[PDB]
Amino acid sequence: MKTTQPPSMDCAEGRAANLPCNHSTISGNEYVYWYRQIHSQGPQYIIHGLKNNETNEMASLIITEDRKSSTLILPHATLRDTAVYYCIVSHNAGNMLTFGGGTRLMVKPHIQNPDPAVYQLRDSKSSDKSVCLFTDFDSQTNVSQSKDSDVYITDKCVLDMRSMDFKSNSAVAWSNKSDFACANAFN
């Protein structure tokens, strides 16, 4: 289409996220629209504008003087802001919308006191699985997928205990294998 965006982008939680968008062939009668889509949801309208600067309760949009590029400013990136952001153009003439590749924004929290450890949770009375928990590691630790067919490892998940302002990362591994051990079940 008329817009190009970086396919992926990272941002630290609590800081401002500046999302770039290039659209050199834009016309004078075309608005710049910004949408985002959280996984397993529909697209969410954010902001739009014709020239220069526009703001609302959700973000700020800054279009350059020559209108060949624009920036979506997310004032204080939150964990909820992790989504795919689409920068599009529209005449606002009642025609269809055209989405491009979009920018997959990943909001990564900073763990102030990393204490990486691997635990084994108590087995359920049902299920033959032995679940392992890799938790309290920094946001830069890679969690690879399972190399064994009978072992299953999840991706990095960030939970926020908002009452205590405490965030932690976690990954889960399980298997029904006979001698499956949580020691180095991850890697």
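Note that residue numbering follows the sequence shown and begins at 1.
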Residue range whose averaged C-alpha B-factor is higher in the record, 47-55 or 146-154: 146-154
Going by the entry, of stretches 108-116 and 78-86 the one with greater average Cα B-factor is 108-116
Name the residue from 173, 9, 17, 21 with the greatest C-alpha temperature factor listed in the entry. 9
Which of these, 138, 160, 30, 65, has its C-alpha atom at the highest B-factor, as the entry lists it? 65
By the recorded C-alpha temperature factor, relative to the other modelled residues in its chain, which third is residue 37 in? middle
Among the modelled residues of its chain, the C-alpha B-factor of residue 25 falls in the third labelled highest
Could you place residue 169 in the lowest, middle or highest third of its chain by Cα temperature factor, using the values in the record? lowest
Splitting the chain's C-alpha B-factors into thirds, which one does residue 60 fall into? lowest
